[PDB]
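The next block holds one structure in the form of structure tokens; read it before the comments.
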Amino acid sequence: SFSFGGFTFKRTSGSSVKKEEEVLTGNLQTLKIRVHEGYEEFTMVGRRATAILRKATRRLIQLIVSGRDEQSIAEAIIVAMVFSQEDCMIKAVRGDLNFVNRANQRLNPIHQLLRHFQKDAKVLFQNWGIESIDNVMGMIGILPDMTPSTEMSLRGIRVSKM
Ligand SMILES: O=C(O)[C@H]1[C@H]2CC[C@H](CC2)[C@@H]1Nc1nc(-c2c[nH]c3ncc(F)cc23)ncc1F
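According to the deposited numbering, the sequence shown is numbered sequentially starting from 322.
And the structure:
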């Protein structure tokens with residue numbers, strides 16, 4: 322239904338209304354983003370990874386991911402975290418004031434966030450948060466360093482891997 326970061330997104334459930342909101346990045350730039358308000362589920366289909374995303378307003382509730390290799394799974398996770406519009410993803414932006422240009426009639430801020438994190442997702446992964454996980458057979462944790470764990474995971478994130 323739409324393409325974002327190389328994944329085909331389809332909404333499978335729920336609805337949202339869009340409210341324009343100014344947000345402040347970690348490096349103190351202002352982005353004016355269309356915040357989606359409501360409960361939604363999406364599928365994400367890539368060449369090398371597939372995910373199920375459950376989200377609410379600026380909140381990743383669950384992401385289940387399967388993929389070819391560590392790189393392919395990290396790609397899905399980064400796109401999902403930007404799509405979530407979470408405040409910790411907005412605050413993970415650091416470094417050059419790259420969102421200040423204004424040359425184009427309109428420069429999509431969610432695309433700007435994804436392009437930022439495609440350069441380096443270390444700050445994003447390190448600030449997202451980790452949680453203890455239940456023992457669900459075939460579901461493993463993935464740590465900020467993209468290492469598997471049976472005990473902990475990035476908040477809301479599980480890899481489907483036997
Ligand atoms: O807002 C936009 O300009 C585009 C770009 C940035 C993310 C989506 C894909 C590209 C967005 N397009 C669409 N988003 C959504 C959408 C629903 N809930 C969401 N929550 C967060 C989010 F972020 C986008 C959405 N629905 C239909 C779309 F067609």
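For each residue, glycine too, the CB sits at the ideal point set by N, CA and C.
Which residues DSSP lists as bridging residue i, in chain order
i	result
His-357	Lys-339
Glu-452	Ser-474
Residue i classed as buried or exposed, judged by whether at least 16 other C-beta atoms fall within 10 angstroms
i	result
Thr-346	buried
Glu-472	exposed
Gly-359	exposed
Local conformation of residue i per DSSP, three classes
i	result
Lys-482	coil
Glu-396	helix
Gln-406	coil
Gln-383	strand
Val-366	strand
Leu-445	helix
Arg-436	helix
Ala-377	strand
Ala-372	strand
Integer Cβ distance of residue i from residue j, believed to fall under 8 Å
i	j	result
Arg-355	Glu-341	6 Å
* Asked: Using 8 Å as the threshold, is the stretch 395 to 415 in touch with the stretch 360 to 367, meaning 3 or more CB pairs across them?
  -> yes
* Asked: Using 8 Å as the threshold, is the stretch 368 to 377 in touch with the stretch 454 to 471, meaning 3 or more CB pairs across them?
  -> no
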